[PDB]
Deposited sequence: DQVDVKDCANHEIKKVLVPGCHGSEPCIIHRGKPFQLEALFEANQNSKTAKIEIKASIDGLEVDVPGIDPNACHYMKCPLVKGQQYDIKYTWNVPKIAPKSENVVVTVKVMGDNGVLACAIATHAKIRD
């Protein structure tokens, strides 16, 4: 159930799980249905607002309906923390086979990742 992302910042993230998806192969996001991802990280700060970019064939969109508190789903330097996060995809969301999802989070950024194998369908 682990999938391949890419660390934009300093390697704070160790892994990314998505129910149903495996590695770098097509990860299907069903419109009108919840989308669940489990992330764990070791951030290098003491302290958290969540910011999600997502491009859909190069329509670059900030995601609506994002609960942006990290401590509503979950911290100090030099230790791990686990987060199991759900975004509900609007039924009307555009379909695409070329999607890039970008997620990142007191004095700068905590963690960052880029996933390129999501496909929006149904």
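*Spell out the unmodelled ranges of the deposited sequence for me, N- to C-terminal, numbering from the first residue.*
Model skips 48-49, 77-79, 111-112 of the deposited chain.
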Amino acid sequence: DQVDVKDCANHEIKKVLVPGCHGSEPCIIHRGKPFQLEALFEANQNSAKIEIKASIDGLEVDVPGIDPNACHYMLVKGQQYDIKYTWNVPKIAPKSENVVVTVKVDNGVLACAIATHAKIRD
From here on, numbers count along this sequence of modelled residues.
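*Taking only the CA atoms, which stretch has the higher mean B-factor in the record, 49-57 or 77-85?*
On average, C-alpha B-factors are higher across 77-85.
*asked:* Quick check: 29-37 versus 64-72, which has the larger average CA B-factor in the record?
replied: Per the deposited B-factors, the answer is 64-72.
*Which one of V103, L17, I13, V100 shows the biggest C-alpha B-factor in the PDB entry?*
The record points to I13.
*Chain thirds of CA B-factor: placement of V3*: Middle third, going by the recorded CA B-factors of the chain.
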